[PDB]
Structure formats: C-alpha cells, structure tokens
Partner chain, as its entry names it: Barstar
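There is one chain below, alone, in structure tokens, taken in the form deposited without its partner chain.
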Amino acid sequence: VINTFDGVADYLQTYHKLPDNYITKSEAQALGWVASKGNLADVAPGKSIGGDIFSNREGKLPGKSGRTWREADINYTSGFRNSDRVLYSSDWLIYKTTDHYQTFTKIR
C-alpha cells in the first residue's frame, strides 16, 4: 500500500488526495472497526485510517484563512493504531508527527 511518510506526502502533493488504501474513522466504524479491540486489519484488510479533518485546536500547526488540516495514519499494518501521522493542508503543506500530535515537523 502507499503508507510511508514520503510515499504519502509525494502522492498528496501530486494527485491532491490520499491513496485508495485510506478510509476515514466513520467508514472504518461502519465496517466493524472497534478501536478498543485493535481490529482494523481484521475488518478492513489492507486499509489505514486517513482523511479526517484535524482541528488544530491547540494552534500548533500554521493557520491561515481558508486553510483546513487533514490527517492520515502512517506506517500502519495491523493491531492498534500507532503514533505516526501526516498532517496536510488545503494548500498542500505537509507535516509529520511521530508522537501523537504533540510535536510537528515540516516534510514538504
């Protein structure tokens, strides 16, 4: 699947959407994903959680009018979700977090 920081960042800046292996939290849930059981891979084989809007409430990511943030899980294969995410904007800035949105660093 395309689920690496680089693979995903380069694909988003090109096609302007996530690769086909991503599903939002709502799509996941509908299929039977129960976060507490870490069963995403059992119920949505080869899929990763991605595409949800990220509020950025804690203002850690650069804001701008008309700008929206989205997140996508990175490096996921099976089990419980990891701590790695890509944060991308409506204007295509790309950031990464490997610590559950505590800290961010620009990648694109």
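Residue numbers count along the first chain shown, from 1.
Undergrad: Mean C-alpha B-factor higher for 80-88, or for 21-29?
TA: In the deposited entry, the stretch with the higher C-alpha B-factor mean is 21-29.
Undergrad: What stretch has the higher average Cα B-factor here, 42-50 or 64-72?
TA: Between 64-72 and 42-50, it is 64-72 that shows the higher mean C-alpha B-factor.
Undergrad: By the record's CA B-factor, is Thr98 among the lowest, middle or highest third of residues in the chain?
TA: Its C-alpha B-factor, which the entry lists for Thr98, ranks in the middle third among residues of this chain.
We do not show the form deposited with its partner chain bound, though everything after this point is about it.
Undergrad: Looking at the partner-bound form in the deposited complex, is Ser83 within 4.5 Å of its partner chain by any heavy atom?
TA: Output for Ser83 is yes: heavy atoms within 4.5 Å of its partner chain.
Undergrad: Going by a heavy atom distance of 4.5 Å, is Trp69 a contact of its partner chain in the deposited complex?
TA: Result no; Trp69 lies far from its partner chain in the deposited complex.
Undergrad: Although its partner chain is absent from this view, report whether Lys64 comes within 4.5 Å of it in the deposited complex, heavy atoms only.
TA: Flag for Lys64 set to no.
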